[PDB]
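The chain below stands alone and is given in structure tokens; this is the form deposited in one PDB entry.
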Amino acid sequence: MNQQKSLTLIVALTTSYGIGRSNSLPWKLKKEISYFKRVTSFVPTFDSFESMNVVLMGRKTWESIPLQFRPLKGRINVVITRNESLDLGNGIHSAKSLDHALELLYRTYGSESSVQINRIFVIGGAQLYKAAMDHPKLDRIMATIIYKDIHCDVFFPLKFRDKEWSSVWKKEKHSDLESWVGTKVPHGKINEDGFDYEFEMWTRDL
């Protein structure tokens, strides 16, 4: 009654797999955030009357989001934590592992529910990404590649863009990224703050 939907991981990372520094992002990129909001929120119009997407995140990520921007609007939010007592407020969901989140969601939003789930995203941090990369239902990575070896202290756990992983993970064409994301997405290099970045989509076979 569960293992039926695929998981999609969304991440912005340097060419050295850096994702974080001092409990925050190593960059300030407003349009990169707008893309993250766009992808994580998008539900096809017909299904958008009743269906929403879900963002799964680690408790340090949840705490890293300035309060002004939490919970992430227009998406079902779930925080992964072993702190049974952490009070999320506003009902925000809490779960003790990736699979306990999945069971909670399916229980909460089943055929007996006004709200239905469309897509499920894993949105960080490194610890939850490590669990997600080990999960048998993770098949897609929406990666924002940042072309600067910006100093980081937290790293993405599996080098999916490298030669060692290239029989399993493959980068899809931009049109395929767009057909998946449901809208036209900026193609090629964007420079918001002194370095280039670009949007990619990587998939593997389940």
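Quick note: we count residues from 1 along the sequence shown, nothing fancier. Only the largest set of C-alpha atoms that superpose within 1.5 Å between the two forms is called the rigid core.
The same protein also exists as the form deposited in another entry; that form is not shown, yet it is the one meant from here on.
Asker: Comparing between this form and the one not shown on the rigid core: C-alpha of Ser85 shifted by 2 Å or more?
Answerer: Yes, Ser85 moves 2 Å or more.
Asker: Comparing between this form and the one not shown on the rigid core, is the C-alpha shift at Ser22 2 Å or larger?
Answerer: Yes.
Asker: Once the core is aligned, does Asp176 move its Cα by at least 2 Å between this form and the one not shown?
Answerer: No: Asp176 shifts by under 2 Å between this form and the one not shown.
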